[PDB]
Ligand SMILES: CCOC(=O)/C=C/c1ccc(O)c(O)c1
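Below you will find one chain, with nothing else, as structure tokens; this is the form solved without the named molecule, and questions on how it binds or moves follow later.
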């Protein structure tokens, strides 16, 4: 259950947040495949509530109406087209599965849905599934409000409504079956796995019961017996009765401690320093590496809607963000997910962004196409961090050093550190307020290597910084605290 199911040599997935199916299919062929990306996490493909107040917020997609593959990203035909084209190019698709709940209980009944399906939250009626009052936990929840009120009580966290979201009775075989029917529909289409949204709000046993009904991956693309990749969204920063480890029997889990701590470290909050990252991983209280899905930021916490707090680094913090992502992609701990977002009118008032609800770039509610600029960046307000040279090249770096051990660690006791991966890669970071100029042991064979952060290796030549490794594996590195990118990375495939 725990394997990403990516092609050998591809070690990362990217979240193409709110991207349309047709756009992802093209990206798979024109960029993701050639650049060695392992897969794509797509936004919920199932019909959701169409919210006009505010105007089509991104979170409306987390309020299911039915399991029809009909959304602002496209219809079933477009979804299949995308999965097939991506799979045909060796890039996997992972679905953001919203199966813990339906829409908000306060939402007005009617046909304000992405596929016109009728629904009535008040009467608990979702005929397009179909679900009825008998399929929700209204009678199971014991809180006075019917909503989750105290996280110290593991029971209400699972049986009550998350911020009013109608909670499905996942103990019922009928409900489990309707969800499996939806997920099997996707697996048969060709999806390689799923992100289980709000897993903390579901009983480990109920999730397992659902997974037990899931098919193996489509044998036209995957070897027989291939199980869908499962990564459960569990927000556990410690201090709660519910632990992410309670879900290890179903698959991997999102390690929100990862981005939160890395952000605090890179920002140097409360006296933290990169030198402390020497024992990064389980040593910091994180889950086992083979059960972790890591990331610097996600669609939720990049806009203050998730765990991590104000320490989370995002594309808005471009310089520090690139370093955090680089460190993550270079370090062996966990399975890495790169974030790809869109720009929005961030407006901070009293420490809170009042425009954190804004949906993807659009024209009258119609998601804008992803355009590619001659410099390979994206237009139409799509950030496309996965296309940033510094990030794209680190994604490749991880592929190249796949399997190599963490070694040759170095640090100045402050914020200047470096480490290698076996004899296939080496990375140096300078997050101090002074320059870093020193000769280090790289563990790499002698030769001239192109720094993949400041440049690229094109036709036997480096476009950016060049590093010279001697016969003893040592090499001189020089990084000024004023460099655009205060870190250098070199690997086996960047050698001249």
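Numbering follows the first chain given and starts at 1. In this text, the rigid core denotes the largest set of C-alpha atoms whose superposition between the two forms falls within 1.5 Å.
*Asks:* Can you let me know which of the two, 99 to 107 or 300 to 308, has the higher average C-alpha B-factor in the entry?
*Replies:* Stretch with the higher mean C-alpha B-factor: 300 to 308.
*Asks:* Quick one: higher average CA temperature factor, 436 to 444 or 28 to 36?
*Replies:* Mean CA B-factor is higher for 436 to 444.
*Asks:* If you check the C-alpha B-factor for each of 245, 352, 399, 84 in the entry, which is highest?
*Replies:* Across 245, 352, 399, 84, the entry lists the biggest C-alpha B-factor for 352.
*Asks:* According to the Cα B-factor stored in this entry, which of the following is highest: 233, 290, 188, 411?
*Replies:* The record points to 411.
*Asks:* Determine, from the deposited record, the chain-internal third of the Cα B-factor for residue 431: lowest, middle or highest.
*Replies:* Its C-alpha B-factor belongs to the middle third of this chain's values.
*Asks:* If you rank every modelled residue in this chain by C-alpha B factor, which third holds residue 195: lowest, middle or highest?
*Replies:* Its C-alpha B-factor belongs to the lowest third of this chain's values.
*Asks:* Taking only the Cα B-factors deposited for this chain, tell me whether residue 57 sits in the lowest, middle or highest third.
*Replies:* As the PDB entry reports it, the C-alpha B-factor of residue 57 lands in the middle third of its chain.
*Asks:* Sort the modelled residues of this chain by their C-alpha B factor and say whether residue 346 lands in the lowest, middle or highest third.
*Replies:* It falls in the top third of the chain.
*Asks:* Is the Cα B-factor recorded for residue 69 in the lowest, middle or highest third of its chain?
*Replies:* Middle third by C-alpha B-factor.
The form deposited with the named molecule bound exists for this protein as well; it is not shown, and the discussion that follows is about that form.
*Asks:* Going by heavy atoms within 4.5 Å, which of 180 to 188, 418 to 426, 399 to 407, 279 to 287 lines up against the named molecule in the bound PDB entry?
*Replies:* One stretch meets the cut-off, namely 279 to 287.
*Asks:* Please pick, from 95, 338, 323, 370, the one residue with any non-hydrogen atom lying within 4.5 angstroms of the named molecule in the bound PDB entry.
*Replies:* Going through each option in turn, the one that passes is 370.
*Asks:* With the named molecule left out of view, which of 414, 81, 218, 112 would have a heavy atom within 4.5 Å of it in the bound PDB entry?
*Replies:* Exactly one residue meets the criterion: 81.
*Asks:* Although the named molecule is absent from this view, report whether residue 245 comes within 4.5 Å of it in the bound PDB entry, heavy atoms only.
*Replies:* Yes, residue 245 lies within 4.5 Å of the named molecule in the bound PDB entry.
*Asks:* Heavy atom to heavy atom, is residue 440 within 4.5 Å of the named molecule in the bound PDB entry?
*Replies:* No - in the bound PDB entry, heavy atoms of residue 440 and the named molecule never come within 4.5 Å of each other.
*Asks:* Would you classify residue 20 as touching the named molecule in the bound PDB entry, given a 4.5 Å non-hydrogen atom cut-off?
*Replies:* So residue 20 counts as contacting the named molecule.
*Asks:* At the 4.5 Å heavy atom threshold, is residue 138 in contact with the named molecule in the bound PDB entry?
*Replies:* No, residue 138 stays farther than 4.5 Å from the named molecule in the bound PDB entry.
*Asks:* Please find the residue from 113, 244, 301, 73 showing a Cα shift of 2 angstroms or more between the shown form and the other one, rigid core superposed.
*Replies:* Between the two forms, the residue that moves is 301.
*Asks:* Align both forms on the core first, then report whether residue 53 has a C-alpha shift of 2 Å or more between the shown form and the other one.
*Replies:* For residue 53, whose C-alpha is compared between the shown form and the other one after core superposition, the shift is 2 Å or more.
*Asks:* Quick one: once the rigid core is lined up, does residue 409 have its C-alpha move by 2 Å or more between the shown form and the other one?
*Replies:* Comparing the forms between the shown form and the other one, which are aligned on their rigid core, residue 409 does not shift its C-alpha by 2 Å or more.
*Asks:* Determine, after fitting the two forms on their core, whether residue 269 shows a C-alpha shift of 2 Å or more between the shown form and the other one.
*Replies:* No, residue 269 moves less than 2 Å.
*Asks:* Over in the other structure, so in the bound PDB entry, do residue 258 and residue 298 pull closer or drift farther apart at the C-alpha level? The difference is 3 angstroms or more.
*Replies:* Pair moves closer in the bound PDB entry.
*Asks:* Is the CA-CA spacing of residue 115 and residue 299 tighter or wider in the bound PDB entry than here, given a 3 Å or more change?
*Replies:* Result: farther.
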